[PDB]
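One chain is shown next in structure tokens, namely the form deposited in one PDB entry.
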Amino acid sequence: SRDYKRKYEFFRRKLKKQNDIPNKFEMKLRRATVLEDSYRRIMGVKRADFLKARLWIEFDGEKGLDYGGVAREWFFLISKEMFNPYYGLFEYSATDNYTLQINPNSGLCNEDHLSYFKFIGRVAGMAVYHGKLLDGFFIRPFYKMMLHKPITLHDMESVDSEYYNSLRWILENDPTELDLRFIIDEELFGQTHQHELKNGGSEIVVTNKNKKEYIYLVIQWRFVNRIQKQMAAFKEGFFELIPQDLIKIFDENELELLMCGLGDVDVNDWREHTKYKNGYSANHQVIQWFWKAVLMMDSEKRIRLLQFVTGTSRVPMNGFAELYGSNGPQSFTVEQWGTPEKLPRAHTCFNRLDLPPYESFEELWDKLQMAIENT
């Protein structure tokens, strides 16, 4: 079979070029109004195919700049706008999570929310088509709905561990004596909201014979049922840029890496293929502070750290042992450099992180995170 790298090349080779399109797609935007200006332009074009042309974006009438770099800035700027929870379209999947899901109440304040989601889909399809990344990460059920993959109980674990444990208990044991009913209770605004799960659900006891249906219905209620129109509108915009049978060569994890440049960063594999300079070592106390700092960093900041030291967002295939610099192969390297009062600097070409010798873990935490907040 094909690994992710071979799948991506296979994918790009089928994404054949349009020639019935204007060769440039021009859009002029003002930074203060980048979302409305982008929405009116992208939702206004004749054919979605116009968005496949080379992007020529101009911000605030700033003339004579690289049309490739400003495109990358636009994708970042429009991502922070589209995925802002204050707009009511997307929301955080949980108070303790940073992953996003579609807000079920998206329509309450946005009567026109369905065209907004189609716009977000077009932008997402544009990022994939033009080889650019979106800034934002969604729950795994989001990527699976894009691929028409069924939402399973395992997907609940990555979002809510305590309810996943409860549903896994139900699956593994006879739940009849608990007298569970085909209803769902949700805690919103200090009040219980009961929702039967099928007609007459309050009178239907969850037994061994119907629990698979029960779990399925709970899964749909949590991730699918209240967002089907928003997701359909998003997919409609996305498939206007990427044919939906082409996207299906990827699984959910590959798709997230392709769209948003994100995934799990095995901190171990990072550790074993790390080299040290000028007195540092694996057992050195600053180094073991560095590694537990990275351990307790969220999955996004682990990525932003690698970008800071490498200069790229992706992890190389087969792990960190095949990591490359600018003049050939080079593993990840931490060097003693400087004095405790300075912030770490990274050298792009040699994948080297010049780390000052910090006198405390909490100091290493802050002085390291402040050097990455500007990436």
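Superpose the two forms; the largest set of C-alphas matching within 1.5 Å is the rigid core. In this text, residue numbers run from 1 along the sequence as written.
Another form exists, deposited in another entry; not displayed. Remarks below refer to it.
K.L.:
Only one of 134, 126, 305, 247 crosses a C-alpha shift of 2 angstroms between this form and the one not shown, counting 2 angstroms or more, core aligned. Which residue?
P.N.:
Once the cores are aligned, the residue moving by 2 Å or more is 305.
K.L.:
After core superposition, I'd like to know whether residue 342 moves between this form and the one not shown (criterion: C-alpha shift of 2 angstroms or more).
P.N.:
Indeed, residue 342 is displaced by 2 Å or more.
K.L.:
Superposing on the rigid core, is the CA of residue 85 displaced by 2 Å or more between this form and the one not shown?
P.N.:
Comparing forms between this form and the one not shown, the residue 85 CA shifts below 2 Å.
K.L.:
Taking the rigid core as the reference frame, tell me whether residue 44 has a CA displacement of 2 angstroms or more between this form and the one not shown.
P.N.:
After core superposition, the displacement of the residue 44 C-alpha between this form and the one not shown stays below 2 Å, so no.
K.L.:
Between the shown chain and the other structure, the Cα gap of residue 301 to residue 130 differs by 3 Å or more. Is it closer or farther in that other deposited form?
P.N.:
They are closer; the C-alpha distance drops by 3 Å or more in that other deposited form.
K.L.:
Residue 263 to residue 129, Cα distance in that other deposited form relative to here: closer or farther, by 3 Å or more?
P.N.:
Closer together, by at least 3 Å.
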